[PDB]
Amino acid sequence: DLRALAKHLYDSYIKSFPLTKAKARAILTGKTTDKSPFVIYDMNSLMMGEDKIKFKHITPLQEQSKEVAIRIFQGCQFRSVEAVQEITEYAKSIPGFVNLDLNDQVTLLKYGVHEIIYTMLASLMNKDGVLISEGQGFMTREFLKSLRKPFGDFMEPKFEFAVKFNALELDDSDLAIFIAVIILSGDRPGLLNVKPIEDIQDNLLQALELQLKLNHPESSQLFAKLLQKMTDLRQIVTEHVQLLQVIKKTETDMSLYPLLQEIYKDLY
């Protein structure tokens, strides 16, 4: 039953991701009872909202560096570590995933997590900025673009993808199946058993197609448009790794968190 699979994935999606697209849209449109997020659009507004950014380390976020760009870098990788953990929890709820070889589960996560991260960033973005710290804050696109090189080049391609991706008007029920399709990619490098992975993605793709026809009966070929976004995410990853390598070659004290180092090591 493809509808039962869709509902199962949505239920797991709700359990794994605290800030859904529905909750993010209510915040971005101001149609919610809670107070507005703190807006970070320049150096002064960052200093006033910096201690509200979730960041648990040896010293506070404001003490990470004298440079604003480096403090943004540190706060963002703290979020990324927790994002990987949320996606891992959701991946384990995909029927058949935990029955795969553990080394293949690792491989699917290693290559899938950042593609999922950039997919779900779009849920937290409008054309002018992105929600941070579980919707508590809002960091503008112009501010992220004003950071010195190469820091100012990181977020802009994610905003560009999000503008086009959000035009598809997917909801959380659509996205739950779509991210499962991405995780169960049989062409990841180093996979040991491709066949059982492709068998799962086949059902996920059928469930996705039925979900889009029911939830978007006016969007003809929405399935075809969405499948083309799966390859866009791989280009974003490729561009992202190159920027991280500029950091590794030209910046000093900067070092990725251990979980992120493990993901990027021997990636492609």
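All residue numbers refer to positions in the sequence shown, first residue = 1.
(request) Between 191-199 and 75-83, point out the one with the higher average CA B-factor as the PDB entry records it. (result) Looking at the recorded C-alpha B-factors, 191-199 comes out higher on average.
(message) Please compare 23-31 with 55-63 and name the stretch with the higher mean C-alpha B-factor in the deposited structure.
(response) Mean CA B-factor is higher for 23-31.
(request) In terms of CA temperature factor as recorded, identify the highest of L121, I132, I182, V98. (result) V98 has the highest C-alpha B-factor of those listed.
(request) Divide the modelled residues of the chain into thirds by Cα B-factor and specify which third, lowest, middle or highest, holds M230. (result) For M230, whose C-alpha B-factor we compare with every modelled residue in the chain, the answer is the lowest third.
(request) Would you mind checking where the Cα B-factor of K164 ranks among the modelled residues of its chain, as the lowest, middle or highest third? (result) For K164, the deposited C-alpha B-factor lands in the middle third.
(request) Compare the C-alpha B factor of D104 with those of the other modelled residues in its chain, then answer lowest, middle or highest third. (result) Its C-alpha B-factor belongs to the highest third of this chain's values.
(request) Please rank the C-alpha B-factors of the chain's modelled residues and tell me whether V241 sits in the lowest, middle or highest third. (result) Answer is lowest: the recorded C-alpha B-factor places it there.
(message) Going by the CA temperature factor in the PDB record, which third of the chain does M254 belong to: lowest, middle or highest?
(response) It belongs to the highest third of the chain when residues are ordered by C-alpha B-factor.
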